[PDB]
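For reference, the structure discussed in these notes is given below.
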Amino acid sequence: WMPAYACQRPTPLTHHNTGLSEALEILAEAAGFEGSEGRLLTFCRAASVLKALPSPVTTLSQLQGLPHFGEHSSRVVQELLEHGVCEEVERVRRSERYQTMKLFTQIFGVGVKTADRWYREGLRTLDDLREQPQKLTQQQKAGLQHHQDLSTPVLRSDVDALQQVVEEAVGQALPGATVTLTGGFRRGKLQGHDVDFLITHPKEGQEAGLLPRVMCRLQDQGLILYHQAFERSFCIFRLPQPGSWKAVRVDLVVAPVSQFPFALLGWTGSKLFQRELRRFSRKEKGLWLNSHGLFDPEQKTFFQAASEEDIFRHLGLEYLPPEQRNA
DNA sequence: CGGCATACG
DNA sequence: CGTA
DNA sequence: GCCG
Ligand SMILES: O=c1ccn([C@H]2C[C@H](O)[C@@H](COP(=O)(O)NP(=O)(O)OP(=O)(O)O)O2)c(=O)[nH]1
Ligand SMILES: [Cl-]
Ligand SMILES: [Mg+2]
Ligand SMILES: [Mg+2]
Ligand code: NA
């Protein structure tokens, strides 16, 4: 009753196995810090299966026949069920390696490879990085300066104000261009690490060259604290607060209207949902999916899609609204 | 055992 | 390398 | 780490 791919089942935002999924996601995250993508994937998938269940797991036998639960993930769940704690998970949580890789990778501009190199060099804290700013890219300097504000959740109640401001710049850049809220907030999240906006125009081709024009207008209005022909922009925005403001991460992406359904599907996530959807497409359907389109490598043809609904149908999957893509 | 999503800046 |  |  549980399909193996996350895109084959509804996954709501809130569920009945929160503590169990969070524990497996710690192990997934730690696998990622050690460069083990496959283990990261298995722990993420196992976590996701639990989010999709209709009630709490209370006994080990309820894991029988669930995909992605083998000896390791089952043992994690068993210890949590028996003791309220999994020793392996706690050991990871308090390790200096986990805590520091987590701290470093949280910085905008720093990925696993950079964090790891710094870790091997003996660096442990944000102050360690600040003291040697010679070793930092301009992106990382911005990420580090703004780190405190960027560690504060963006609130859904912030989002409408930002969208209006983006729409104003977009409207001047290209009348008729639209802004669509994507990312976690579109899946119903009440908080986020950033705000993701997808921009298009109803007349195919009119959107060419649009993003630089948008960015120049936003920067002219004094709203851009950081940004770097292009179609994706990862920036840090000045967001008004009572008597002051805070720095917020905002992503902008432009797609032609022909590709909009694919870009909307990709940017709406979740990240695991999209990886599973793409894996499903390729391995089960022999079709190649990305945020631009869906390709049949035998006919050498692209599927036209007018909606996300079209794409789920192309792939032979039941439609899932964004709120059920929280894999 | 091979495979693990797929792009753009 | 970073990023979504 | 797990599946197929
Ligand atoms: O590696 C990625 C990262 C993101 N994405 C897609 C799915 C994800 O939901 C979307 C937005 O990326 P974010 O990093 O902004 N994550 P999300 O908005 O889901 O949550 P949050 O921003 O609150 O962390 O882009 C990928 O496809 N691959
Ligand atoms: Cl691995
Ligand atoms: Mg986001
Ligand atoms: Mg984003
Ligand atoms: Na980072």
Side-chain angles (χ1 to χ4, degrees), chain A residues 2-8 24-25 27-28 30-32 34-49 63 65-77 88 104-118 136-137 139-144 150 182-184 186 192-199 211-212 215 226-236 249-255 259 262-285 287-295 315 327:
Chain A
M2 172 82 50
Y5 290 86
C7 59
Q8 293 181 295
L24 297 159
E25 288 179 343
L27 295 181
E34 307 306 309
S36 189
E37 271 306 290
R39 289 174 88 248
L40 174 145
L41 279 173
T42 285
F43 284 130
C44 286
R45 293 161 180 169
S48 189
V49 165
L63 295 184
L66 294 181
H68 312 289
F69 278 86
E71 179 185 0
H72 202 151
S73 302
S74 293
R75 187 252 300 148
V76 173
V77 167
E88 185 189 1
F104 284 175
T105 58
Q106 272 168 0
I107 305 168
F108 179 65
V110 186
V112 171
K113 290 180 185 169
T114 302
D116 173 65
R117 176 168 56 76
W118 290 348
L136 306 173
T137 65
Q139 187 182 45
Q140 292 161 352
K141 291 175 178 174
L144 195 51
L150 298 190
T182 63
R186 186 165 179 254
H193 113 283
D194 75 353
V195 190
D196 308 280
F197 290 117
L198 172 60
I199 298 167
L211 199 43
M215 291 313 300
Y226 177 84
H227 70 124
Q228 55 236 60
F230 53 100
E231 71 198 41
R232 303 184 177 178
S233 279
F234 320 120
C235 77
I236 303 180
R249 278 272 299 104
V250 174
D251 291 332
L252 299 190
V253 49
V254 171
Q259 300 180 6
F262 297 99
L264 180 62
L265 179 65
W267 282 76
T268 296
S270 73
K271 170 173 173 167
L272 177 60
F273 190 98
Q274 297 303 311
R275 296 176 77 155
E276 293 279 289
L277 187 64
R278 289 167 189 194
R279 184 170 68 98
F280 174 91
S281 180
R282 180 180 290 260
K283 303 303 177 187
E284 308 300 328
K285 297 296 165 174
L287 302 179
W288 303 347
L289 178 62
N290 62 25
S291 71
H292 299 320
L294 176 62
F295 184 72
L315 297 177

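Here is the naming used below: chain letters follow the sequence lines, and residue numbers restart at 1 for every chain. Just so it is clear, the values below take in all heavy atoms, side chains as well, and ignore hydrogens, waters and symmetry mates.
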- Query: Is any NZ, NE, NH1 or NH2 atom of the basic residue among A:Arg75 and A:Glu88 found under 4.0 Å from an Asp or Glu carboxylate oxygen of the other?
  - Reply: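 Result for this pair is yes, salt bridge flagged.
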Under 4.0 angstrom, heavy atoms only, what part of the nucleic acid is [X] near: base, sugar-phosphate, or nothing?
| X | answer |
| --- | --- |
| A:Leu198 | nothing |
| A:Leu40 | nothing |
| A:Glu71 | sugar-phosphate |
| A:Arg275 | base |
| A:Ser36 | nothing |
| A:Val110 | sugar-phosphate |
| A:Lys283 | sugar-phosphate |

If you check every side-chain atom of [X], which of [options] has the closest atom?
| X | options | result |
| --- | --- | --- |
| A:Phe108 | C:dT3, D:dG1, D:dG4 | C:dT3 |
| A:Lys113 | C:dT3, C:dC1, B:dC4 | C:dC1 |
| A:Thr42 | B:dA7, D:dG1, B:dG9 | D:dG1 |
| A:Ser73 | D:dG1, C:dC1, C:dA4 | D:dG1 |
| A:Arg249 | D:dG1, C:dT3, B:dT6 | C:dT3 |
| A:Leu41 | D:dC3, C:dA4, B:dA5 | B:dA5 |
| A:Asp251 | C:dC1, B:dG9, C:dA4 | C:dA4 |
| A:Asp194 | C:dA4, B:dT6, C:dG2 | C:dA4 |

Rounded to the nearest angstrom, tell me the gap between atom [atom1] in [X] and atom [atom2] in [N].
| X | N | atom1 | atom2 | result |
| --- | --- | --- | --- | --- |
| A:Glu276 | B:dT6 | CD | P | 12 Å |
| A:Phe262 | B:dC8 | CZ | P | 15 Å |
| A:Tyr5 | D:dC2 | OH | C1' | 13 Å |
| A:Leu272 | C:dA4 | CG | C1' | 15 Å |
| A:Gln139 | C:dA4 | CD | P | 9 Å |
| A:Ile107 | C:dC1 | CD1 | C1' | 15 Å |
| A:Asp116 | C:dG2 | CG | P | 10 Å |
| A:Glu37 | B:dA5 | CD | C1' | 10 Å |

Hey, does the side chain of [X] come within less than 4.0 Å of [N]'s phosphate (OP1/OP2), counting only N and O?
| X | N | answer |
| --- | --- | --- |
| A:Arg279 | B:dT6 | no |
| A:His72 | D:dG1 | yes |
| A:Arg282 | B:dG3 | no |
| A:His227 | B:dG9 | no |
| A:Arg232 | B:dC8 | no |

To the nearest 0.5 Å, how far apart are [atom1] in [X] and [atom2] in [Y]?
| X | Y | atom1 | atom2 | answer |
| --- | --- | --- | --- | --- |
| A:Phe43 | A:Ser73 | CZ | OG | 5.0 Å |
| A:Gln274 | A:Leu265 | CD | CG | 4.5 Å |
| A:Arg282 | A:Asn290 | CZ | CG | 10.0 Å |

- Span that lies between the P atom of D:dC3 and that of B:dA5, in whole angstrom: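 Roughly 16 Å separates the two P atoms.
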- Considering only the P atoms, how many Å lie between B:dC4 and C:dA4, rounded to the nearest integer?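 Approximately 23 Å lies between the P atom of B:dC4 and that of C:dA4.
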- Looking only at heavy atoms, which two atoms of A:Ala327 and A:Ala6 are closest? And how far apart?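 The pair with the smallest heavy-atom distance is CB-CB, 3.7 Å.
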- Mind running salt bridge (charged side-chain N to carboxylate O under 4.0 Å, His left out) on A:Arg45 and A:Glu276 for me, showing each step along the way? CA-CA 9 Å; A:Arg45 293 161 180 169; A:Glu276 293 279 289; 2.9 Å; yes
- Message: Nearest heavy atom decides the nucleotide; on that basis, is A:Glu231 or A:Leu289 closer to the 5' end of DNA chain B?
- Response: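 First, find each residue's nearest nucleotide; the 5'-ward one identifies A:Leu289.
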- Nearest-nucleotide wise, let me know which of A:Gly38 and A:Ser233 is further upstream toward the 5' end of DNA chain B.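 It is A:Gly38 whose nearest nucleotide is closer to the 5' end.
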- Do A:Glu284 and A:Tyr5 have side-chain atoms, one donor and one acceptor, less than 3.5 Å apart?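 Present: a donor and an acceptor within the cut-off.
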